[PDB]
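Let us start with two forms of the same protein chain, each given on its own as structure tokens and named structure 1 and structure 2.
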Structure 1
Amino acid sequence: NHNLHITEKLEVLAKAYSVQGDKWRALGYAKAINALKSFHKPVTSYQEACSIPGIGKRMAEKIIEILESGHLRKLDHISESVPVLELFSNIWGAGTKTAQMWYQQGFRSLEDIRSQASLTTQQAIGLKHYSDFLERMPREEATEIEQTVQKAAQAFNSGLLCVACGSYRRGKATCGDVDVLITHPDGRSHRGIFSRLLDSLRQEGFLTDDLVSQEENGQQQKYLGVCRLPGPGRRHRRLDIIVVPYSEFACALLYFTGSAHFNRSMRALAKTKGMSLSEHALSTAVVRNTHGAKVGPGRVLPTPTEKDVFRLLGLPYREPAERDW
């Protein structure tokens, strides 16, 4: 990370634009900051900047000011509202729109939110676990959680394949939450298991709150909730579970393993090749309009393994650790 002074100044602006809802500008900063982080040498020329992909004149100028002026004047013109929008949007379930609305309504603190804001069920849970959801757990605990889910799953069907994905699979030392993918090699015994699984996990008091769980739908694909391991010193942890048909195992695994940036890059590439990649499948011959919107369903390509996805995209396979973008 030879462009540190540059990044921590840009990360400030990135977050500022993000919480304010200027999503694409924030994306631009995100990519540039990214490029900066994974680069070999400090940059010295505003020609040495434009060169780095993800950095144009606009961005270059700002790094220059960060090197020469040793500071970015833009940072001093950030709305005083940003810290509060950040505070608000860090409540699970509240995004930029809700944060801006609360701010516009005069709310400035979580105390204000707690006592006067109309919260959705999800936001109330997010607020209740505000600090907890901002904390990462040692990967070891993520193991205990994956194991807890797997145990409950395999309880009514030992054939069920359960695997922790996300940051865990990419080998990170700490995890923001636990992402568990569940499927079954017989390609059918995965149907309508959420009902049973979630119920057992609730019986033992493991699950404490549900955020997203359309259980009245037998086609439910994901469960997003909160759990807590037994014993003292335990914090509530975010738990995500997806149940996919074996036929989509590779794409689901690839998707759920991420990283998010990596997935988007993969999908953007697939798109340039007339293909479409999703958590369900990799498709080819996908018809699209001038707006890049899928007009034609295309054809689903066989992808029994992640390697296959990379291969079909003409990419060298990458271990999960090599996808931590």
Structure 2
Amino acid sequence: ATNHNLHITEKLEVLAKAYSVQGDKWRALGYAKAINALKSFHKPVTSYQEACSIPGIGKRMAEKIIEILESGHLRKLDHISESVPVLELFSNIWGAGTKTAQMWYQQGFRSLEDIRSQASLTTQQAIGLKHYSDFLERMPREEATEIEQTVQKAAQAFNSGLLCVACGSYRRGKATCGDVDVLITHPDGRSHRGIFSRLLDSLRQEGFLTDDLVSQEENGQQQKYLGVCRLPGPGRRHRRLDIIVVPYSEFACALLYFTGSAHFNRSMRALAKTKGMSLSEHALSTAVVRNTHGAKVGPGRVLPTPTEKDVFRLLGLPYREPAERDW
């Protein structure tokens, strides 16, 4: 459907991103949920009482909405730190988060030019900066397909039995993808071991991969690869590539995890938590012991999960297609 409180969610959205780039995770989550509510609603909130009546909206949020209605403007959006815009600019560099952005700001940096010429950058951050504009763009679904096929072909070259599945936003059927997430496994439950070394060198052979961000190749148990690639020919931009290699016994949970969305995964994992269970990309466990703070103290037993449906079932949830997980 559509949001009937746009004149409201617009002002709130500003604060949400403001608190988020400043590291106030939960308060930012608060506005997130409030904004999400005001949308899936049916009519324009006209009363303070009508606000409090919406789950996710309490006294505070409601008192905010009346000002956007009575004043047409929120006096809060004008007291937001002047650093926010710069912090957002900085944290959009792959490899730099709230802490680095805040440090750079305190050191007096205000633009990417300042970062380029004066800032201390990690190796990942330098790569992020070099592809600053490209990394903020989403590619057409068709391009994602080409990248995914490029990886599959390279993998099945030294083992036709290797199964390669494009997950993430691609599997959820989106029209555009931020990056390409590829899951690789093997039904024989063992031929997946030590394939990263070969796969990556192969992709570097053709010049497909242009930069590596996260890739522990000295360890034979390497689980993921986060990097950069670019297809051949003119008019091609550098795209982020995310690859995970998993044992067949973990295929179901890894597929579920890698498909997402991130919100969906967090919601599902939270659900499992309430049932004394734990869900990760490796497996769904039961009889998990946790303390008062909600932290895991006990391991638990790994439950049988041959397919994604099994996970939902064991959690008492009705199955949802990847497209129904686009939260």
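The first residue in the sequence of structure 1 is number 1, and each one after it adds one. Rigid core: the largest C-alpha set superposing within 1.5 Å between the two forms.
**Q** Where does the C-alpha shift reach 2 Å or more between structure 1 and structure 2 among 261, 271, 280, 37, given a fit on the rigid core?
**A** Among the listed residues, the one whose C-alpha moves by 2 Å or more is 37.
**Q** Give the turn angle of the smaller rigid part between structure 1 and structure 2 in degrees.
**A** Domain rotation angle comes out at 6 degrees.
**Q** Relative to the superposed core, report the C-alpha shift of residue 93 between structure 1 and structure 2 in angstrom.
**A** For residue 93, the C-alpha ends up 0.0 Å from its position in the other form.
**Q** Core superposed first, then measure: what is the displacement of the CA of residue 66 between structure 1 and structure 2, in Å?
**A** In the core superposition between structure 1 and structure 2, the C-alpha of residue 66 moves 2.6 Å.
**Q** Given the rigid core as reference frame, how large is the C-alpha shift of residue 28 between structure 1 and structure 2? Answer in angstrom.
**A** Value for residue 28 between structure 1 and structure 2: 1.6 Å of C-alpha shift.
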